[PDB]
Amino acid sequence: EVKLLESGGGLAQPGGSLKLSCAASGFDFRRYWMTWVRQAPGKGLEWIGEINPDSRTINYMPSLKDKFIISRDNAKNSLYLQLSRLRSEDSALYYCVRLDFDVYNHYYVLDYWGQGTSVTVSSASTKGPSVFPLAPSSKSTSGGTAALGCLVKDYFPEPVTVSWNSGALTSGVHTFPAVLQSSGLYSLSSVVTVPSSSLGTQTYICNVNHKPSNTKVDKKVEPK
Amino acid sequence: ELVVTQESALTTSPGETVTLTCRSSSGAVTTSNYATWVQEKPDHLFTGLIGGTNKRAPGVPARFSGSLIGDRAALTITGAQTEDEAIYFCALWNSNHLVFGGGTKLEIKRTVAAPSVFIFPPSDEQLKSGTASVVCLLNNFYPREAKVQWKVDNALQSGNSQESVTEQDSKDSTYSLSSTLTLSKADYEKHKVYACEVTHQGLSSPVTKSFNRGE
């Protein structure tokens with residue numbers, strides 16, 4: 001019940017600036033060094049910097065002055081990151097990370113990580129997805145299973161979240177990595193496979209959320 | 001420009017020992033670099049595994065250990081389990097800074113498994129909109145290499161399909177693949193037979209799933 005919840009992400013215009021924030025609970029935030037890390041789509045991890053408990057020591061990745069500004073507010077158990085002079089290379093997931101120091105043990109670990117906020121730097125406007133059913137058939141069964149799904153098509157920017165039956169259905173679910181179409185828009189599919197004989201046994205609803213365009217869609221996928 | 005390098009990809013079987021390494025362009029990796037390892041599982045789920053070169057973090061299974069091998073830091077997994085499939089990042093401290101390696105993808109081997117194949121026609125809702133997507137699903141297969149060929153009235157399609165693959169499943173060690181063929185509504189309506197043709201090591205001959213437009 002260590003919690004690290006990020007916010008502040010979304011679409012930002014090139015050259016603009018943006019403030020990410022992270023609220024922490026379930027540990028004594030006042031005593032811990034905190035870290036920001038990021039990861040560009042399909043790429044590796046990148047350390048941005050860290051800040052000690054009293055804000056007197058702030059370490060940054062080699063970069064041009066004030067590209068990043070890290071601060072914290074111990075009264076609000078909160079950590080902040082100011083990004084400035086935004087360009088497309090800044091498009092990433094940003095992670096709030098707890099650093100476990102320990103001088104006697106010679107021990108420094110990034111033990112607790114937040115889920116991340118997404119930042120996309122672009123001047124293209126936002127687009128909500130269309131959600132189309134991928135309908136199962138009783139006659140189209142492979143390997144003892146029937147397959148159904150949702151095609152989440154033509155959205156910008158990433159990400160979308162997908163779930164089935166409001167999170168009640170998880171077994172047999174595969175949500176695929178999104179692909180970037182030549183139109184500049186993303187597309188992904190989410191599928192569920194179930195034992196053939198259980199097909200008419202339950203309802204299948206895909207729940208699609210796209211925060212950047214405020215699109216929530218609930219699609220019932222019917223045997224057809 | 002300290003650069004940290006790791007192997008891109010490694011494969012091991014369950015129960016075997018596997019060693020991941022981490023090298024530095026500045027010097028031998030030393031105790032003074034306080035090497036850390038971080039595990040990334042699907043859904044951006046992170047776990048700190050090792051700190052200070054060789055100290056295993058609380059909660060982490062005893063199977064993981066850290067050490068130095070020659071010039072490098074090493075992560076060793078003894079008796080690899082299917083749930084050990086992940087990306088492993090090393091990171092080195094160099095004075096003020098932390099520097100991540102590029103990460104190592106660890107694949108866990110299993111017996112060959114043929115894909116289940118499914119084809120989905122475009123929905124009527126999509127066709128209202130002027131385009132048509134045909135989707136092909138290859139479910140739960142191993143190893144990763146799989147060919148999908150799209151055919152439209154038996155003509156091989158090229159340059160109008162996209163495909164994406166899941167990470168290796170932590171329980172059954174398989175992959176799934178999804179491929180989309182995109183054409184215009186007008187081109188979709190001109191043709192009858194839509195086929196997804198699949199080849200894979202587990203299939204002694206190609207599996208074809210197809211449907212006829214409006215049947």
# chains A, B, ... in the order shown; residues from 1 in each chain; ligands from 1
call {"tool": "residues_around", "arguments": {"residues": "residue 109 (chain B)", "least_positions_apart": "2", "cutoff": "10 Å", "atoms": "only C-alpha atoms", "output": "list in words"}}
result
residues 11, 12, 13, 14, 82, 85, 106, 107, 111, 112, 142, 143, 173 and 174 of chain B
call {"tool": "write_last_selection", "arguments": {"atoms": "N, CA, C and O atoms", "output": "PDB file, in the first residue's frame"}}
result
ATOM      1  N   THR B  11      17.908 -16.272 -24.252  1.00  0.00           N
ATOM      2  CA  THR B  11      16.941 -17.342 -24.085  1.00  0.00           C
ATOM      3  C   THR B  11      17.493 -18.409 -23.187  1.00  0.00           C
ATOM      4  O   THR B  11      18.610 -18.840 -23.357  1.00  0.00           O
ATOM      5  N   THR B  12      16.662 -18.855 -22.260  1.00  0.00           N
ATOM      6  CA  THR B  12      16.985 -19.923 -21.362  1.00  0.00           C
ATOM      7  C   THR B  12      15.782 -20.855 -21.226  1.00  0.00           C
ATOM      8  O   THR B  12      14.659 -20.483 -21.567  1.00  0.00           O
ATOM      9  N   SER B  13      16.013 -22.062 -20.731  1.00  0.00           N
ATOM     10  CA  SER B  13      14.930 -22.983 -20.403  1.00  0.00           C
ATOM     11  C   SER B  13      14.576 -22.918 -18.902  1.00  0.00           C
ATOM     12  O   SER B  13      15.396 -22.489 -18.088  1.00  0.00           O
ATOM     13  N   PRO B  14      13.364 -23.376 -18.520  1.00  0.00           N
ATOM     14  CA  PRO B  14      13.035 -23.423 -17.078  1.00  0.00           C
ATOM     15  C   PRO B  14      14.032 -24.300 -16.323  1.00  0.00           C
ATOM     16  O   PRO B  14      14.440 -25.338 -16.837  1.00  0.00           O
ATOM     17  N   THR B  82       9.128 -19.554 -15.594  1.00  0.00           N
ATOM     18  CA  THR B  82       8.400 -18.911 -16.666  1.00  0.00           C
ATOM     19  C   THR B  82       8.079 -17.446 -16.325  1.00  0.00           C
ATOM     20  O   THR B  82       8.128 -16.590 -17.196  1.00  0.00           O
ATOM     21  N   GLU B  85      10.262 -14.125 -17.380  1.00  0.00           N
ATOM     22  CA  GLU B  85      10.218 -13.472 -18.705  1.00  0.00           C
ATOM     23  C   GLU B  85       9.986 -11.997 -18.472  1.00  0.00           C
ATOM     24  O   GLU B  85       9.016 -11.629 -17.839  1.00  0.00           O
ATOM     25  N   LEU B 106      14.576 -11.199 -21.711  1.00  0.00           N
ATOM     26  CA  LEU B 106      14.741 -12.598 -21.387  1.00  0.00           C
ATOM     27  C   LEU B 106      13.539 -13.409 -21.844  1.00  0.00           C
ATOM     28  O   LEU B 106      12.428 -13.217 -21.361  1.00  0.00           O
ATOM     29  N   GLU B 107      13.782 -14.329 -22.769  1.00  0.00           N
ATOM     30  CA  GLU B 107      12.787 -15.278 -23.239  1.00  0.00           C
ATOM     31  C   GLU B 107      12.959 -16.633 -22.544  1.00  0.00           C
ATOM     32  O   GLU B 107      14.079 -17.138 -22.442  1.00  0.00           O
ATOM     33  N   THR B 111       8.063 -26.189 -25.137  1.00  0.00           N
ATOM     34  CA  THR B 111       7.802 -27.072 -26.277  1.00  0.00           C
ATOM     35  C   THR B 111       7.085 -26.272 -27.376  1.00  0.00           C
ATOM     36  O   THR B 111       6.372 -25.303 -27.091  1.00  0.00           O
ATOM     37  N   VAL B 112       7.285 -26.647 -28.630  1.00  0.00           N
ATOM     38  CA  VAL B 112       6.614 -25.948 -29.711  1.00  0.00           C
ATOM     39  C   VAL B 112       5.085 -26.032 -29.539  1.00  0.00           C
ATOM     40  O   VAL B 112       4.551 -27.071 -29.103  1.00  0.00           O
ATOM     41  N   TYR B 142       4.326 -20.888 -29.932  1.00  0.00           N
ATOM     42  CA  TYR B 142       5.765 -20.843 -29.605  1.00  0.00           C
ATOM     43  C   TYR B 142       6.546 -21.709 -30.582  1.00  0.00           C
ATOM     44  O   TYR B 142       6.142 -22.837 -30.818  1.00  0.00           O
ATOM     45  N   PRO B 143       7.675 -21.217 -31.134  1.00  0.00           N
ATOM     46  CA  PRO B 143       8.388 -19.958 -30.868  1.00  0.00           C
ATOM     47  C   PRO B 143       7.748 -18.743 -31.555  1.00  0.00           C
ATOM     48  O   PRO B 143       6.663 -18.854 -32.161  1.00  0.00           O
ATOM     49  N   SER B 173       4.138 -19.240 -21.421  1.00  0.00           N
ATOM     50  CA  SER B 173       5.304 -18.900 -22.259  1.00  0.00           C
ATOM     51  C   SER B 173       5.025 -18.747 -23.751  1.00  0.00           C
ATOM     52  O   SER B 173       5.930 -18.887 -24.573  1.00  0.00           O
ATOM     53  N   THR B 174       3.794 -18.448 -24.125  1.00  0.00           N
ATOM     54  CA  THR B 174       3.486 -18.336 -25.536  1.00  0.00           C
ATOM     55  C   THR B 174       3.359 -16.876 -25.980  1.00  0.00           C
ATOM     56  O   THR B 174       3.389 -15.945 -25.148  1.00  0.00           O
TER      57      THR B 174
END
call {"tool": "closest_atom_pairs", "arguments": {"of": "chain A", "to": "chain B", "cutoff": "6 Å", "atoms": "only C-alpha atoms", "output": "JSON lines"}}
result
{"residue": "A:44", "atom": "CA", "partner": "B:102", "partner_atom": "CA", "distance": 5.4}
{"residue": "A:106", "atom": "CA", "partner": "B:52", "partner_atom": "CA", "distance": 5.7}
{"residue": "A:107", "atom": "CA", "partner": "B:52", "partner_atom": "CA", "distance": 4.5}
{"residue": "A:108", "atom": "CA", "partner": "B:51", "partner_atom": "CA", "distance": 5.5}
{"residue": "A:109", "atom": "CA", "partner": "B:51", "partner_atom": "CA", "distance": 5.2}
{"residue": "A:110", "atom": "CA", "partner": "B:48", "partner_atom": "CA", "distance": 5.5}
{"residue": "A:111", "atom": "CA", "partner": "B:48", "partner_atom": "CA", "distance": 4.6}
{"residue": "A:134", "atom": "CA", "partner": "B:120", "partner_atom": "CA", "distance": 5.9}
{"residue": "A:142", "atom": "CA", "partner": "B:116", "partner_atom": "CA", "distance": 5.2}
{"residue": "A:143", "atom": "CA", "partner": "B:116", "partner_atom": "CA", "distance": 5.7}
{"residue": "A:176", "atom": "CA", "partner": "B:166", "partner_atom": "CA", "distance": 5.8}
call {"tool": "write_last_selection", "arguments": {"atoms": "N, CA, C and O atoms", "output": "compact mmCIF listing (two decimals), in the first residue's frame"}}
result
# COMPACT_ATOMS: atom_id res chain seq x y z
N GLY A 44 14.33 2.30 -24.17
CA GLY A 44 14.72 1.93 -22.82
C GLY A 44 14.43 2.98 -21.77
O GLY A 44 13.79 3.98 -22.04
N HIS A 106 25.95 0.18 1.73
CA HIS A 106 26.41 0.51 0.38
C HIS A 106 25.34 0.15 -0.67
O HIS A 106 25.63 -0.54 -1.65
N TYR A 107 24.12 0.63 -0.46
CA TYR A 107 22.93 0.08 -1.11
C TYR A 107 21.99 1.20 -1.58
O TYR A 107 21.50 2.01 -0.78
N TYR A 108 21.76 1.26 -2.89
CA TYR A 108 20.90 2.29 -3.47
C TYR A 108 20.00 1.64 -4.52
O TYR A 108 20.48 1.21 -5.58
N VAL A 109 18.70 1.54 -4.23
CA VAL A 109 17.77 0.88 -5.15
C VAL A 109 16.58 1.73 -5.50
O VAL A 109 16.11 2.50 -4.70
N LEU A 110 16.11 1.59 -6.73
CA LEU A 110 14.81 2.12 -7.17
C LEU A 110 13.77 1.04 -6.92
O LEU A 110 13.48 0.23 -7.80
N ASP A 111 13.23 1.04 -5.70
CA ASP A 111 12.34 -0.02 -5.24
C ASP A 111 10.88 0.15 -5.62
O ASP A 111 10.26 -0.82 -5.98
N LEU A 134 -15.14 -7.36 -33.02
CA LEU A 134 -14.63 -8.51 -33.76
C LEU A 134 -15.45 -9.70 -33.29
O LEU A 134 -15.16 -10.31 -32.24
N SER A 142 -11.07 -22.51 -33.22
CA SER A 142 -9.75 -23.10 -33.40
C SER A 142 -9.19 -23.56 -32.04
O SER A 142 -9.26 -22.84 -31.05
N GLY A 143 -8.64 -24.77 -32.01
CA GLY A 143 -7.99 -25.32 -30.80
C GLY A 143 -8.83 -25.38 -29.53
O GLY A 143 -8.30 -25.15 -28.43
N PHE A 176 -3.23 -6.03 -27.61
CA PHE A 176 -2.04 -5.96 -28.43
C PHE A 176 -1.39 -4.59 -28.37
O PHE A 176 -2.08 -3.61 -28.13
call {"tool": "residues_around", "arguments": {"residues": "residue 23 (chain A)", "least_positions_apart": "5", "cutoff": "7 Å", "atoms": "only C-alpha atoms", "output": "ChimeraX atom specification"}}
result
/A:4-6,77-79
call {"tool": "write_last_selection", "arguments": {"atoms": "N, CA, C and O atoms", "output": "CSV table (one decimal), in the first residue's frame"}}
result
chain,number,residue,atom,x,y,z
A,4,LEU,N,2.1,5.6,-5.5
A,4,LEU,CA,2.7,6.7,-6.2
A,4,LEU,C,1.9,7.1,-7.4
A,4,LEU,O,2.1,6.4,-8.4
A,5,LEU,N,1.0,8.0,-7.3
A,5,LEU,CA,0.1,8.4,-8.4
A,5,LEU,C,0.5,9.7,-9.1
A,5,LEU,O,0.6,10.8,-8.5
A,6,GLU,N,0.8,9.5,-10.4
A,6,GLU,CA,1.3,10.6,-11.3
A,6,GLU,C,0.1,11.3,-11.9
A,6,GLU,O,-1.0,10.7,-12.2
A,77,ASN,N,3.2,15.5,0.7
A,77,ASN,CA,3.8,14.3,0.2
A,77,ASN,C,3.9,14.2,-1.3
A,77,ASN,O,3.4,13.2,-1.9
A,78,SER,N,4.4,15.2,-1.9
A,78,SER,CA,4.3,15.4,-3.4
A,78,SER,C,5.7,15.7,-4.1
A,78,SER,O,6.5,16.4,-3.5
A,79,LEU,N,5.9,15.2,-5.2
A,79,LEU,CA,7.1,15.4,-6.0
A,79,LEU,C,6.7,16.0,-7.4
A,79,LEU,O,5.7,15.6,-8.0
call {"tool": "select_by_dssp", "arguments": {"residues": "region 83-174 of chain A", "states": "strand (DSSP E)", "output": "PyMOL selection string"}}
result
chain A and resi 83+92-100+109-113+117-121+130-134+145-155+161-164+173-174
call {"tool": "write_last_selection", "arguments": {"atoms": "C-alpha atoms", "output": "tab-separated table (two decimals), in the first residue's frame"}}
result
chain	number	residue	atom	x	y	z
A	83	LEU	CA	9.68	20.14	-18.41
A	92	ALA	CA	7.48	9.44	-23.15
A	93	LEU	CA	6.01	7.80	-20.09
A	94	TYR	CA	7.25	9.58	-16.99
A	95	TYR	CA	7.75	7.60	-13.81
A	96	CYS	CA	7.81	8.75	-10.25
A	97	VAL	CA	10.24	6.50	-8.35
A	98	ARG	CA	11.17	5.99	-4.71
A	99	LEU	CA	14.90	5.68	-4.01
A	100	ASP	CA	15.92	3.50	-1.13
A	109	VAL	CA	17.77	0.88	-5.15
A	110	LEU	CA	14.81	2.12	-7.17
A	111	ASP	CA	12.34	-0.02	-5.24
A	112	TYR	CA	8.91	1.54	-5.86
A	113	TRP	CA	7.71	2.87	-9.22
A	117	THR	CA	1.91	9.64	-16.97
A	118	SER	CA	2.07	9.86	-20.74
A	119	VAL	CA	3.44	12.99	-22.41
A	120	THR	CA	3.13	13.39	-26.17
A	121	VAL	CA	4.71	16.46	-27.77
A	130	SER	CA	-13.84	4.30	-33.18
A	131	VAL	CA	-14.60	0.95	-31.45
A	132	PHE	CA	-15.64	-1.94	-33.72
A	133	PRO	CA	-16.62	-5.46	-32.67
A	134	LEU	CA	-14.63	-8.51	-33.76
A	145	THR	CA	-11.58	-22.01	-28.29
A	146	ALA	CA	-13.77	-19.22	-29.69
A	147	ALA	CA	-12.27	-15.76	-30.19
A	148	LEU	CA	-13.88	-12.33	-29.94
A	149	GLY	CA	-12.66	-8.79	-29.59
A	150	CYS	CA	-12.62	-5.09	-30.18
A	151	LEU	CA	-10.81	-3.10	-32.85
A	152	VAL	CA	-9.87	0.28	-31.37
A	153	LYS	CA	-9.25	2.30	-34.49
A	154	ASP	CA	-7.98	5.78	-35.49
A	155	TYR	CA	-6.93	7.61	-32.37
A	161	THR	CA	-7.02	1.71	-21.85
A	162	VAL	CA	-9.08	-1.40	-22.61
A	163	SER	CA	-10.83	-3.76	-20.24
A	164	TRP	CA	-13.47	-6.44	-20.51
A	173	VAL	CA	-7.48	-11.52	-22.60
A	174	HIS	CA	-4.76	-10.20	-24.93
